[PDB]
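Okay, structure first, notes after.
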Amino acid sequence: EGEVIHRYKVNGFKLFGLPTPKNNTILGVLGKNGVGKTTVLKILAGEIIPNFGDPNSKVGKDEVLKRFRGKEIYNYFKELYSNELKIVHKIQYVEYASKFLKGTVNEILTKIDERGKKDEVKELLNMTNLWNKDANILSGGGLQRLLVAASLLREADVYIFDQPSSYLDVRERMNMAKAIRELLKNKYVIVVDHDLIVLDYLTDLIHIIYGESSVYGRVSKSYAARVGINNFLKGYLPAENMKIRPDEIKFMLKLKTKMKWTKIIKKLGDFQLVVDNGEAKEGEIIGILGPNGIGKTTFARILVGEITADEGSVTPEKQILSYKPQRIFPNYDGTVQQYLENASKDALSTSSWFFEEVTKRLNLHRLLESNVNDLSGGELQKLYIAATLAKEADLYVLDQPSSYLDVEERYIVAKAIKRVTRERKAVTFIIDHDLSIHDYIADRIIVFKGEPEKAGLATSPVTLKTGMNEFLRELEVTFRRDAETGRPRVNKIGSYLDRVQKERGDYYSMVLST
Ligand SMILES: Nc1ncnc2c1ncn2[C@@H]1O[C@H](COP(=O)(O)OP(=O)(O)O)[C@@H](O)[C@H]1O
Ligand SMILES: Nc1ncnc2c1ncn2[C@@H]1O[C@H](COP(=O)(O)OP(=O)(O)O)[C@@H](O)[C@H]1O
Ligand SMILES: [Mg+2]
Ligand SMILES: [Mg+2]
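Going left to right, the sequence shown walks through residues 76 to 329, 340 to 599 as UniProt numbering numbers them.
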């Protein structure tokens, strides 16, 4: 019911509504995958002409303008279609935007530097490492930084960023958010992202897109950024009168050592890793965070006996472990069902707590006939997370499980990790680059500091407060608690609370409504 903006094919996905871009404003778009976020951006960018639900018909620009006349969006579209707007679009699929890239990072950026901001962006996005590398040879994260950089250098009216936090480490995400905020004043900016802290930093306004993945999406009205993210956490949109999730994502709610490790040293070629002694309690979640190339995965690999430490040990030396590696690939002949059944009797019995909380809530129950090699990154991720979690263990290690996940699935996963760990009185280490995930479920954290590729030093497990304080300080940002949802809120650099908390040394504030 309502007015269809676009439909790709008969009986296919349909989109209802569009957000209006606003000048001198950063507009966030948020929702689970498969609901039309990328479609919305491509419409806004002028790459797709809305067909108003008829994929047979070739709608012209004139027709689109007649259909919008009187409405909020008309004027944007008039300017778009009358070629009065220069549009920059940092596309979602960065790996596809790679095979048309000739030359080094420096020379690509030098070619397109229209705003004389090359050197500025180099600094802001910390690109000196990438500087004389071939665009062709770049990893996910280097490509993402190169395209975001390239977008910042362009002189344009509208800048569109589809998921710029993908492949970025915790530090890079924050730098990218600072860079966009700083360099794109007095422009139309639209951003889609699944990292809530990135969105919170970047956005003035927020639209939620909700619906059923691959069936339909509807765009909410514009909310003030803070409110929009809060309604998303509550899972309720007041204006639309819409329960978009049956439960809420709540922050800040309310003995024996199961394992202990000495100082751990590991040298790999050039890179030296040092990890401080520590211990973990039964039921406890230790988040691990730090930039990439710093030894987090090496540390994971030491804990699972894949790599031997050069000095130091973990007691007890042999325990039942369950491991979700960072690098995920289809390595199995059989179905999702066969793979899950192999892992646990629980995982697929409609009878257990697991099936409904994890399996079903991950929507893995819909992929049972699929064989593992058919699955997308997102689906393999959930499959490996679910399998890992279904196994009865003393120790769980999950490496970057939020990669490939949308904004909903990461919190469903987060919740599950907590549930399994506490249920089974186990230790869980989770490495992740989404800071809200840590805030949401980590009981203590380990911070990795140093120089990517050369040296990493990791602290013992400390309180979120103790670790975040030191981590945020280096990163030069301050966090407070939102009054309504208790979610972390990042003070925009320069802001009222930002310089005061900075003087106090209170970078990670546990105070409500700061
Ligand atoms: N060219 C297309 N033809 C048919 N279906 C498409 C096409 N492009 C996207 N879709 C579908 O529309 C839905 C919404 O996709 P998209 O806008 O990319 O979602 P999101 O960005 O929110 O993940 C998904 O079903 C997607 O596969
Ligand atoms: N087997 C290895 N041999 C030599 N160097 C390695 C090996 N495995 C990882 N490295 C290097 O060690 C550093 C630490 O990597 P890793 O533990 O993968 O970091 P993170 O998970 O923090 O990104 C990286 O620079 C990586 O290239
Ligand atoms: Mg998309
Ligand atoms: Mg890693």
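Note that beta-carbon positions come from the ideal geometry of N, C-alpha and C, so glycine has one too.
Once you ignore the five residues that flank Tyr-83 on each side, which residues in its own chain have a CB closer than 7 Å to its CB? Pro-130
4 or more residues per run - each alpha helix (DSSP H) lying fully within the segment 543 to 595: 549 to 560, 581 to 589
Ligand 3 and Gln-167: does the residue's C-beta get closer than 7 Å to at least one heavy atom of that ligand? yes
Whole-number beta carbon distance between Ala-511 and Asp-479, since they are thought to touch under 8 Å: 6 Å
DSSP state of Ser-295, grouped into three classes? coil
Given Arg-246, which residues of its chain have a CB within under 6 Å of its CB, disregarding the five upstream and five downstream residues? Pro-376
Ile-148 and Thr-95: beta carbons closer than 8 Å? yes
If you reduce the DSSP assignment to three classes, tell me which class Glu-147 lands in. coil
Under the criterion of a Cβ to heavy atom distance below 7 Å, does residue 335 qualify as lining ligand 2? Between 329 and 340, the chain has no modelled residues, and residue 335 is one of the positions in that gap.
Give me the residue from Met-251, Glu-170, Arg-190 with the minimum Cα distance to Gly-215. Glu-170
Which runs of the beta strand (DSSP E), 3 residues or longer, sit entirely within the segment 427 to 461? none
May I ask you to check if the CB of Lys-409 is nearer than 7 Å to at least one heavy atom of ligand 4? no
Verify the contact flag: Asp-188, CB atom, against every heavy atom of ligand 3, threshold strictly below 7 Å. no
Straight-line gap, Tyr-276 to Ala-300 (C-alpha atoms, nearest Å): 9 Å
Ligand 3 heavy atoms versus the CB of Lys-107: any closer than 7 Å? no
Cβ-heavy atom distance, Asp-268 to ligand 3, below 7 Å: no
Give me the residue from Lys-467, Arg-412, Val-399 with the minimum Cα distance to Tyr-424. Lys-467
Using three-state DSSP, classify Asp-137 as helix, strand or coil. helix
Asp-355 - DSSP class collapsed to helix/strand/coil: coil
Quick one: does the C-beta of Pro-537 sit closer than 7 Å to a heavy atom of ligand 2? yes
Beta strand (DSSP E) containing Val-104: first to last residue? 100 to 105
Using the rule of at least 16 other Cβ atoms within 10 Å of the residue's Cβ for burial, across every protein chain shown, is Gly-579 buried or exposed? exposed
Span of the beta strand (DSSP E) around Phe-533: 529 to 536
Answer yes or no: do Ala-499 and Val-443 have a C-beta to C-beta separation smaller than 8 Å? no
Endpoints, beta strand (DSSP E) assigned at residue 339: No atoms are given for residue 339, which sits in the stretch of the chain between 329 and 340 that the model skips.
Three or more beta-carbon pairs under 8 Å between the segment 442 to 457 and the segment 417 to 431, yes or no? yes
Excluding the 5 residues preceding and the 5 following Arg-565 in the sequence, name in chain order all residues of the same chain whose CB lies nearer than 7 Å to its CB. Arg-574, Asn-576, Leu-582, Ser-594, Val-596, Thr-599
Alpha carbon to alpha carbon, how far is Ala-394 from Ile-281? Give it in angstroms, no decimals. 47 Å
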